[PDB]
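Beneath this line is the structure, given in structure tokens, with notes to follow.
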Amino acid sequence: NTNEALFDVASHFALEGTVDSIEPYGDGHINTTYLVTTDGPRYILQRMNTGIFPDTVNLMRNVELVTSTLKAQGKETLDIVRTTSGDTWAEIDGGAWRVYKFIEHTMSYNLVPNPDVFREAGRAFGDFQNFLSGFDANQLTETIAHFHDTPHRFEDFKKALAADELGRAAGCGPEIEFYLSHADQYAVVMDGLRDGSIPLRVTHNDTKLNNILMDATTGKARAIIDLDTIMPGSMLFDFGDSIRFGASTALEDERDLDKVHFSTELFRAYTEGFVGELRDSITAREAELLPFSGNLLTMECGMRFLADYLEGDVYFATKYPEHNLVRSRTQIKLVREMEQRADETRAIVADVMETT
Ligand SMILES: CC(=O)N[C@@H]1[C@@H](O)[C@H](O)[C@@H](CO)O[C@@H]1O
């Protein structure tokens with residue numbers, strides 16, 4: 001979208017000041033996000049990715065339900081700015097757009113800078129599980145099917161591999177072999193959900209560190225800021241995915257793999273914060289799987305990155321041809337380290353469960 005086009009889009013919303021600029025904000029993989037600067041307040045303007053989220057009406061119904069409930073509890077959350085026609089979003093020139101108020105005086109992190117920040121992230125997402133337990137499974141629509149159904153993701157991967165539409169398979173044999181050889185590990189959470197041994201809960205489903213805003217002065221969690229995948233799942237998806245992104249010593253797309261390690265110190269910090277909020281609620285079987293949920297969600301996301309690479313990068317935004325291969329490689333290195341530290345992560349969870 002050109003500058004003129006974006007100003008036109010913003011004109012559809014009930015903003016409370018004259019727009020001075022609209023500039024790309026962040027490096028999200030999915031939606032297209034802009035910071036709108038006025039002569040007074042600031043706003044986040046987003047074009048929703050309708051290739052990924054085709055059901056905008058149900059997506060926005062979820063977002064409206066979650067934010068209105070948080071507000072009714074006095075909690076800070078994403079504040080939808082309505083269109084001038086009074087709607088929660090608008091279709092404008094072939095795009096689906098929404099506006100949130102910009103949440104001021106915050107810090108957000110694409111990588112853990114210190115254990116305290118990750119411990120606070122643990123508190124925030126653990127607290128968010130208690131919030132989501134207030135909803136029935138049926139109140140929140142699945143916005144994406146099979147979202148953390150790792151065996152289903154693996155079927156998708158094999159289809160991408162078989163098509164090999166760009167002939168990229170030949171250059172990622174070792175990565176393909178990793179996901180093939182780990183196929184026996186993908187079913188554990190889905191099987192437990194299906195047999196009732198793992199409770200079905202409403203979960204956030206994209207608990208990466210940069211989805212919590214911390215207060216710029218105190219560092220206390222202020223608000224969670226991606227509500228697009230709130231829907232039934234397992235607590236293990238939220239824990240495991242937090243560990244995948246945040247217990248890494250490197251960026252998700254770190255090109256130098258010698259920078260990429262799984263840190264048990266960071267794993268412990270997050271576990272302390274998360275289990276601290278949930279200790280009397282977590283089931284024995286959930287606790288048992290906390291360390292492996294890290295391996296599982298990391299393998300699932302890596303497999304998705306590699307599938308996308310093999311499909312010509314149709315899902316995730318990329319900046320260069322091998323971007324998704326580079327992303328997949330970090331996830332592989334992390335899993336390999338998580339495997340080597342399995343006894344230690346088990347002992348960490350036991351100690352936190354005992355301590356809390
Ligand atoms: C809606 C969607 O696919 N979101 C994904 C999330 O699943 C994935 O873990 C992450 C990796 O950085 O990128 C996006 O946030």
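We label chains A, B, ... in the order they appear in the structure tokens, count residues from 1 in each chain, and number ligands from 1 in the order shown.
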Got a sec: who's within 12 Å of residue 347 in chain A, counting only C-alpha atoms, leaving out chain neighbours fewer than 4 positions off, as a JSON list (two decimals) with N, CA and C atoms, in the first residue's frame?
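Dumped to selection-v8.json:
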[["chain", "number", "residue", "atom", "x", "y", "z"],
["A", 264, "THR", "N", 19.12, -23.43, 29.75],
["A", 264, "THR", "CA", 18.32, -23.96, 30.86],
["A", 264, "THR", "C", 18.11, -22.88, 31.92],
["A", 267, "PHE", "N", 15.09, -21.25, 30.57],
["A", 267, "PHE", "CA", 14.00, -22.22, 30.76],
["A", 267, "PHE", "C", 13.50, -22.17, 32.21],
["A", 268, "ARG", "N", 14.43, -22.16, 33.16],
["A", 268, "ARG", "CA", 14.06, -22.13, 34.59],
["A", 268, "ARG", "C", 13.32, -20.83, 34.93],
["A", 271, "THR", "N", 9.77, -20.95, 33.61],
["A", 271, "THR", "CA", 9.05, -21.98, 34.38],
["A", 271, "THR", "C", 8.66, -21.45, 35.75],
["A", 287, "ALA", "N", 2.26, -31.39, 33.93],
["A", 287, "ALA", "CA", 3.58, -31.13, 34.50],
["A", 287, "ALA", "C", 4.65, -32.05, 33.88],
["A", 288, "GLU", "N", 4.30, -33.31, 33.73],
["A", 288, "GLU", "CA", 5.20, -34.31, 33.17],
["A", 288, "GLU", "C", 5.67, -33.87, 31.76],
["A", 290, "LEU", "N", 5.84, -30.73, 30.46],
["A", 290, "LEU", "CA", 6.35, -29.36, 30.29],
["A", 290, "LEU", "C", 7.71, -29.31, 29.53],
["A", 291, "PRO", "N", 8.70, -30.15, 29.92],
["A", 291, "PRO", "CA", 9.96, -30.09, 29.18],
["A", 291, "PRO", "C", 9.79, -30.46, 27.71],
["A", 341, "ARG", "N", 19.54, -31.75, 27.05],
["A", 341, "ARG", "CA", 19.30, -31.20, 28.41],
["A", 341, "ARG", "C", 17.99, -31.72, 29.04],
["A", 342, "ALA", "N", 17.47, -32.83, 28.52],
["A", 342, "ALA", "CA", 16.18, -33.36, 28.96],
["A", 342, "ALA", "C", 16.11, -33.71, 30.44],
["A", 343, "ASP", "N", 17.16, -34.34, 30.98],
["A", 343, "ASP", "CA", 17.20, -34.63, 32.42],
["A", 343, "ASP", "C", 17.21, -33.35, 33.24],
["A", 351, "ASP", "N", 11.72, -29.24, 40.62],
["A", 351, "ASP", "CA", 12.12, -28.28, 41.66],
["A", 351, "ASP", "C", 11.15, -27.12, 41.78],
["A", 352, "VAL", "N", 10.72, -26.58, 40.64],
["A", 352, "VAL", "CA", 9.71, -25.50, 40.65],
["A", 352, "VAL", "C", 8.37, -25.97, 41.20],
["A", 353, "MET", "N", 7.96, -27.19, 40.81],
["A", 353, "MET", "CA", 6.74, -27.77, 41.34],
["A", 353, "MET", "C", 6.85, -27.96, 42.85],
["A", 354, "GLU", "N", 8.02, -28.41, 43.32],
["A", 354, "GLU", "CA", 8.26, -28.60, 44.76],
["A", 354, "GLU", "C", 8.33, -27.28, 45.52],
["A", 355, "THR", "N", 9.12, -26.33, 45.01],
["A", 355, "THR", "CA", 9.28, -24.98, 45.57],
["A", 355, "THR", "C", 7.96, -24.20, 45.65]]
At a cut-off of 7 Å around ligand 1, and using only C-alpha atoms and all ligand atoms, what residues come up? Please write them as an mmCIF file with N, CA and C atoms, in the first residue's frame.
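Saved file pocket.cif follows:
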data_model
loop_
_atom_site.group_PDB
_atom_site.id
_atom_site.type_symbol
_atom_site.label_atom_id
_atom_site.label_comp_id
_atom_site.auth_asym_id
_atom_site.auth_seq_id
_atom_site.Cartn_x
_atom_site.Cartn_y
_atom_site.Cartn_z
ATOM 1 N N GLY A 28 6.483 -8.388 12.071
ATOM 2 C CA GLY A 28 5.537 -9.518 12.164
ATOM 3 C C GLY A 28 5.526 -10.324 10.874
ATOM 4 N N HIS A 29 5.320 -11.639 10.998
ATOM 5 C CA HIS A 29 5.326 -12.539 9.835
ATOM 6 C C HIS A 29 4.007 -12.592 9.111
ATOM 7 N N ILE A 30 2.929 -12.166 9.767
ATOM 8 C CA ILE A 30 1.568 -12.547 9.344
ATOM 9 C C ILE A 30 0.780 -11.352 8.816
ATOM 10 N N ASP A 206 0.120 -18.338 20.613
ATOM 11 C CA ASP A 206 1.267 -17.657 19.971
ATOM 12 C C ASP A 206 1.975 -16.848 21.022
ATOM 13 N N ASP A 228 -5.137 -13.124 18.069
ATOM 14 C CA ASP A 228 -5.709 -13.697 16.856
ATOM 15 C C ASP A 228 -5.911 -15.214 16.893
ATOM 16 N N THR A 229 -5.177 -15.896 17.773
ATOM 17 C CA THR A 229 -5.254 -17.362 17.857
ATOM 18 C C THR A 229 -5.744 -17.867 19.216
ATOM 19 N N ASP A 241 5.652 -23.103 23.314
ATOM 20 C CA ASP A 241 5.921 -22.072 22.296
ATOM 21 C C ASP A 241 6.681 -20.900 22.921
ATOM 22 N N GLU A 252 15.179 -15.844 16.220
ATOM 23 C CA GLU A 252 14.526 -16.899 15.469
ATOM 24 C C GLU A 252 15.112 -17.042 14.061
ATOM 25 N N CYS A 301 7.185 -25.539 14.719
ATOM 26 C CA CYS A 301 7.400 -24.237 14.065
ATOM 27 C C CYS A 301 8.517 -24.369 13.014
#
Exercise for the section: Select, from A:45, A:107, A:338, A:163, the residue with the minimum atom-to-atom distance to residue 209 in chain A, counting only C-alpha atoms. Expected result: A:107
Practice task
Please measure the separation of CA of residue 22 in chain A and CA of residue 36 in chain A, giving the value in Å to one decimal.
Solution key: 4.5 Å
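Note that DSSP on the backbone gives strand (DSSP E) to these residues of range 65-260 of chain A: residues 80, 81, 90, 91, 92, 95, 96, 97, 98, 99, 100, 101, 106, 107, 201, 202, 203, 212, 213, 214, 215, 221, 222, 223, 224, 231, 232 and 233 of chain A.
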